[PDB]
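sequence isn't available, so here's the structure alone:
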Ligand SMILES: OC[C@H]1O[C@@](CO)(O[C@H]2O[C@H](CO)[C@@H](O)[C@H](O)[C@H]2O)[C@@H](O)[C@@H]1O
Ligand SMILES: OC[C@H]1O[C@@](CO)(O[C@H]2O[C@H](CO)[C@@H](O)[C@H](O)[C@H]2O)[C@@H](O)[C@@H]1O
Ligand SMILES: OC[C@H]1O[C@@](CO)(O[C@H]2O[C@H](CO)[C@@H](O)[C@H](O)[C@H]2O)[C@@H](O)[C@@H]1O
Ligand SMILES: O=N[O-]
Ligand SMILES: O=N[O-]
Ligand SMILES: O=N[O-]
Ligand SMILES: [Cu+2]
Ligand SMILES: [Cu+2]
Ligand SMILES: [Cu+2]
Ligand SMILES: [Cu+2]
Ligand SMILES: [Cu+2]
Ligand SMILES: [Cu+2]
C-alpha cells in the first residue's frame, strides 16, 4: 500500500560502514535491512577472559545502518532456533511502540518485519529491550548498534558550508560486567542464562570490569587499526547504549562535533574531548594534518588504558614542522 | 518598601505543577509561597524497604514553583517542632548569601521569610544546605525541588517562533543511599540521626542503592502514569540535585530541549537522550505523534530497570501507520 | 629557521595566572615556557593523609600557560635526576605526535624542547602520558595542567559584544586514589613505585578517595580564598584530566560559559551548574552582584563536602536588598 522503490542494503561489520551517498537526488525509498541475532561465548581480552555475548549480526556493536531523512526503514529481525532467549529491537530513531520494541518481540525460531519512517536526522542507538530486568542485561551483553539518518543535502556546518567526509568509521563502546570468583579470577559460564544471576548482582553496583571498542580489548589496534591520510576528512560515529563516554583523538581534535548526535543542530567546533551520553550516539569529523599514530580513547584514562577503551589510527603523509617540531631532542640537563 | 502587587500560590504535589500563565501581560509581582519541612520514614520500593526521608512539603521532590522573569519570590520556610534538625533553603535561581542558605537557617519551631528577585530565566534546583557534611546528607535524603522562571513572553525556539506547551510535568530524580546489614538486607532506622553514620559511609562510596522518580520505585506507573493525547505538546522538567541523569522518552524524542535548563539559550532539536548535570534542572518538550505506552527513563538502563528510575506515559489517540507499522507479525522462520 | 620575536613567560602557581593581554596588537611570537617535573610526597587532607604526587613545577595542577591564536609555544621540559621515572608531556591544544607525547619522553637527568603552533582557541588540558598503564597513573598522581589560547581580539559573547575579564583564576580538580589498609586507614608509601600496585587495583574500581581543588582539601579556603569585588567580572578556568566535574558557584551563576572550553563556539548564558568532561577544560565568567562568601564546588555534593572539592570566594562591596533580602528573621512559629 506504500508504493515507493525498494533498496536492499548489505550490512558490513563495524568499524566499517556500508556504502551510501551523503547528499542524494534520490527521493524517499523503502530501505531493507536484515539483522540476525546470535548468542555466543566470546573472548574479550588478551588474557583470554570469556563472556556470554548476545549480538545483532554476530558483532559488537551491531552494524551501522545508513539512510536519508524521509526514507522508510524496513528491518527483518531473525531469532534462530539455536538461540535460547526472546529478543526484540528498539530504534531511538523511530516513533511509537517503544521505538519498535513493542512490535518486534520474537522467540527462538521466529522472525518479524518492522517498518518505520526516518523523520529525524542524526545518529541514533538501536538496542534489544525485551522487558523488565532483561533490558539492561541484553544491552550490556552486546545487543546494541546505531543508525545514521542523513539530511538529503548531506551534512553542513550551520553557516551554509557543506561538510563532506572522505570516510566514516563506527566505534561502538561496550561496558561489560564480568563477575570474579573468590580467588579473584574472572568467571566463565556455559550459557547466558547461567551468567545471569552473578552478572546482575555486579551490574547493579554500576562498575564495569571492561570497557571495549568493537567488542574486545585491542580490537581496533595493530592490523585492525583505523587508517587515514593527511588531508582526509574522517567522520567518527560513536555510540554508547548504557553508560557515558568522553571520546578524544590523541594528537587531533574534533573539527566539527555533534556530541548529542543530531544534525538539526549546528556542530560545535575545535573540541579536545566530547561527551556521548549513555543511551545515545554522537559524531565528530576531523581533517588529519599530521601523519603517524593517533589513539582514540575515552578520556577516562583508567578505562582507556586499564579497562580496554583504546583504538589506533595510522595516518600516512608528510610531517608538518610548522605545526609541531622537536626543537631539541632529549639530552642531559646542562 | 517594595510596592508591587502580591500574589499567593497554592503549591501542588509533583509531578503536577500549580496553575500559571506562560506568556503574561502582568507586570512584576511579589509571588508568595510557603514550604513546610517534614522529616518522615517512607517506603521506597515494592519489597517494603524504608528510608529516613527529609522533605519540603512532605514530597520528594519538593514542589515546582513557577514565576516570571522580574518577579520577586517571597518564600516562607517553616520547620515545625516535630522535626529534629535545623534546615534551610538555597535557590540556584537567586543571587547572594549562598542562594539564600545563609539567611534561612531555622531550628525546629522556627520560620523565616526570604525574598529574592528572579533575574535569570530557566529551571533551577532548590535544596537544603545546612553546612558541612550535612549538605549532601539532607539533599540525598530528599530535600530538593525546582523553580521555573519563565520569560514574560513565554518560551521560544530561538528562531522567533513561540513554543507553547499544553501541559507540564515535573520529574524529580533522587539518588538514595540505603545501607545493607551483614546478611545483605536493607537496614531500617528509627530516626534520621541514627541513619546518619551508616548512610554517610555508603554515600562516600558514590554508588546509590536506589534511583527513583517522585520518591519511590513505580511512583509514576499504573494509576499514576503520566498522560497525554496525540497532538499534545508536553513539557517535562527534570531535576537532579546531586548526580547526573540522562533522560530518554522511549518511543519519542525531545523535539525542543534545554538540557542545561536555561531559556536565555536556544533549545536543541530532535534529541534521543539528553543530560541533566548533577545540581541542575533541564526541560524538554515533545509533541506526541503516536498513542500507547511510553516509558520515561534515565538511559543508564541498570538504573532504569533495576534501581527504580522509570516512569510511564499513557497516550490516547489514533495510530499512524505511516510513521511505524508491523509489516509482518512474528512467524516461523521460512 | 622560524624567524619571529621570542617572549619568555614566568609561570606562577595556581590558582593565579601569569600576566597576559586579552586582546593584543602584537603579531605571532614564540612564547617560551619551562616546566620542571617534581615527584614528592604531599599531605592532601586535614587529617594528615599523605600521597605520592608527581607534578609539573611542584604544584597540582600544573601552571596555566596563556598564549594567543597563531603563537608558537616552545616548552622546555626538565626531568631532574632526583626523579625516579620517565615523564613526557601531551598538550591537547597541539597537533601531531600524540599532542607532543611521542617527542618528549625523558628519563631522569634529561630535558627536551618541543614547539607547537596554537591553531585552536580555548582552554585545553596538558598532561603526562608515558605509555600504557602509566598514563592514568601519572595523571591521577597530579601530572596535569592547562593552557589557554586566546583569540587575538579577546573573548566575545557570540553576538558581537566584547567580553573582558577583570581577573582569571585556574581551578584544577584532581581525583586521587589512596588505598586503605585492613583497619580502614589510608596507607602511606615511601616512593611512587611502591604506591603503584595498590594504587592501580583501586584506580580500576573507578571510585576516588579524594577529589580536591589545587592539590589539597581546603586549599582554596581561609587565607587562600579566591577574592573579588562587587562589579568585577571574573573568569574561572576549570580543568579535569581524568573524570567529569560539575562546577557550580553557590550564590552566583555562570553569566557566560564555554563548558567544552573552546572559544570558536559562542558561550551559553545564565547557567546554574556546568559540566567539565573528563579530559577537558572549560571556562565560565561571572560578574559579582553581591558581597559575602561564595563557595565554588562540584555539584556532586558528596564530593564537594565529604571528599574535598570546595573552594571559597570572599567578595567585598555593598549588599543589594533588591536582589535578595531577609524579610523576616528566624522566629517562633506563630
Ligand atoms: O547545521 C544545522 C543548522 O544550520 C542551519 C543554518 O544555520 O540550517 C541549515 O541546516 C538545516 C538543517 O540541515 C537546513 O534545513 C537549512 O536549510 C540550513 O541552512 C540551522 O537552522 C541549523 O540549526
Ligand atoms: O531561545 C533564546 C534565543 O533566541 C534568541 C533569538 O535567536 O532571542 C530570542 O529569545 C530571547 C530570550 O528569550 C529574547 O529576548 C529575544 O527577543 C528573542 O529573539 C537568542 O538571542 C536567544 O539565545
Ligand atoms: O563567540 C564565537 C561565535 O561568535 C561568532 C559570531 O556569532 O563569531 C565571532 O567570533 C568569531 C570567533 O571568535 C570571530 O572570528 C568572528 O569574527 C566573530 O563575529 C560565531 O561565528 C562564533 O561561533
Ligand atoms: O567462587 N565463587 O564465588
Ligand atoms: O548487621 N550490621 O552490619
Ligand atoms: O594492611 N594491608 O592491607
Ligand atoms: Cu536480546
Ligand atoms: Cu534505548
Ligand atoms: Cu534540611
Ligand atoms: Cu546547590
Ligand atoms: Cu609523568
Ligand atoms: Cu589527554
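Looks like it came in fine. Numbering: from 1, shown residues only, chains lettered A, B, ... in the order given. Ligands and ions are numbered 1, 2, ... in the order given.

okay, CA-based contacts and neighbour counts for the rest of this
Will do.

ligand 1 contacts on the stretch 201-334 of chain A?
Proximity of the stretch 201-334 of chain A to ligand 1 (Cα under 6 Å from any ligand atom) is limited to residues A:263, A:264, A:265, A:266.

neighbour-wise, which of those leads?
Counting neighbours by other Cα atoms under 10 Å in any protein chain shown, the top entry in those is residue A:263, with 27 neighbours.

ok, and what's touching the helix or strand encompassing residue A:54?
Applying DSSP states H and E as the criterion places residue A:54 in strand A:50-56. For strand A:50-56, the surrounding residues in contact (Cα atoms under 8 Å, 6 or more residues apart in numbering or on different chains) are A:35-44, A:61-63, A:138, A:141-145, A:178, A:188-189, A:191-192, A:195.

just the ones of those residues in strands?
A:35, A:36, A:37, A:38, A:39, A:40, A:41, A:42, A:43, A:144, A:145 (DSSP state E).

the fifth one and ligand 11: what is the separation?
As for residue A:39, its distance to ligand 11 is 43 Å (criterion: Cα to the ion, to the nearest Å).

pretty sure that residue contacts residue A:81?
No. Look at residue A:39 against residue A:81 with Cα atoms under 8 Å: they stay out of range, at 10.8 Å.

those two: who's more crowded?
More crowded of residue A:39 and residue A:81, by other Cα under 10 Å: residue A:39, with 23 against 13.

now for that one: which residues touch it?
A:52, A:53, A:54, A:55, A:58, A:83, A:84, A:192.

so what's the residue count around residue A:314?
Considering only other Cα under 10 Å, residue A:314 is surrounded by 17 other residues.

which stretch of helix or strand covers it?
Per DSSP H and E: strand A:310-316 holds residue A:314.

what is the neighbour count of the closest residue to ligand 11 within the stretch 1-150 of chain A?
Nearest to ligand 11 in the stretch 1-150 of chain A, going by Cα to the ion, is residue A:46, at a distance of 26.1 Å. Residue A:46 is flanked by 9 other residues according to other Cα under 10 Å.

which residue, neighbours along the chain excluded, lies closest to it?
In this structure, residue A:46 finds its nearest non-sequential neighbour in residue A:217, 7.0 Å apart by Cα to Cα, 6 or more residues apart in numbering or on different chains.

and stretch A:268-287, how far out from the chain middle?
With Cα atoms, centre = their mean, to the nearest Å as the basis, stretch A:268-287 stands 13 Å off its chain's centre.

close to ligand 3, is it?
No. On the criterion Cα under 6 Å from any ligand atom, stretch A:268-287 is out of touch with ligand 3, staying 8.0 Å away.

thinking again about what came up before, tell me which other helices or strands the strand holding residue A:314 touches.
Applying 3 or more Cα pairs under 8 Å, 6 or more residues apart in numbering or on different chains; DSSP states H and E, one finds that strand A:310-316 makes contact with strand A:210-213, strand A:226-229, strand A:292-298.

show me what the helix or strand following it is packed up against.
Sequence order places strand A:324-332 as the next helix or strand after strand A:310-316, per DSSP H and E. Here strand A:324-332 touches strand C:110-117, going by 3+ Cα pairs under 8 Å, 6+ apart.
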